[PDB]
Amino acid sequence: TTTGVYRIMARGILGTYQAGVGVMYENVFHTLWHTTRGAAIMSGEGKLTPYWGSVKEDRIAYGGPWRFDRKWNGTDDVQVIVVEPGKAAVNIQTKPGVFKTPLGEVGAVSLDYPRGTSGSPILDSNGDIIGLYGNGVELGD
């Protein structure tokens, strides 16, 4: 289906560049807010506009609500479908680092990639997306 991982490409005065990455899942395109800042995005003579968004959470969904609801168990490795600018997609298996915040316990990917890689999905062993790279994951069973 249209389900998959997509480069968010942009073109303007700065030529063509990769603004970020997002995921189409259950007819909703998910990415990070700072990537698009709520701008419209084309999908082949078909424009998508924000349905839901949070600046503070830095998350945004086009065409419907945020669909991902699974969390990291805080034990097992995860895989990031890394979509770097100017390189083919790759799966990278890694162990997130647990970090405590006033809002709750959080996991983050220790890997470092260029700017436009943000939004690359993080999967658990079941293939469920538990967060986007550059935004992290939540803890829970």
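Heads up: residue numbers just count along the shown sequence, starting at 1.
Inset, instruction - Give the stretch, out of 56-64 and 109-117, with the larger mean C-alpha temperature factor in the deposited entry. - result: Higher mean C-alpha B-factor: 109-117.
Inset, instruction - Would you determine, from the values in the PDB entry, which of 94-102 and 74-82 has the greater average C-alpha temperature factor? - result: The entry gives the higher C-alpha B-factor average to 94-102.
Inset, instruction - Check the PDB entry and point out which of 21, 10, 14, 122 has the largest C-alpha temperature factor. - result: Going by the entry's C-alpha B-factors, 14 comes out highest.
Inset, instruction - From the list 32, 42, 89, 39, select the residue with the highest C-alpha B factor recorded in the entry. - result: Out of 32, 42, 89, 39, the record gives the largest C-alpha B-factor to 42.
Legend entry - Chain thirds of CA B-factor: placement of residue 137: It falls in the middle third of the chain.
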